[PDB]
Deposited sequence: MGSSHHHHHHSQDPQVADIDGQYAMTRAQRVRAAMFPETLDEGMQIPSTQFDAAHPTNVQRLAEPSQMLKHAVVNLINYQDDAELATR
């Protein structure tokens, strides 16, 4: 656990809900993390859902 578990919420929150705003977990600069790689396709999905749900 430690600092990485206590900050896990804010890292996930930053990648999926960046507008609602932190230690990094990147091992080298040439390799983006799972969360970094999943952030944008995660945000697009939510934006797609919001548009659908709010159809009038």
Unmodelled stretches of the deposited sequence, numbered from 1?
1-19, 41-45, 81-88
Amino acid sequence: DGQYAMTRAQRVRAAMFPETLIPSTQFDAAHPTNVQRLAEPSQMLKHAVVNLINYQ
From here on, numbers count along this sequence of modelled residues.
Which one of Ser42, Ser24, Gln36, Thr20 shows the biggest C-alpha B-factor in the PDB entry?
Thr20
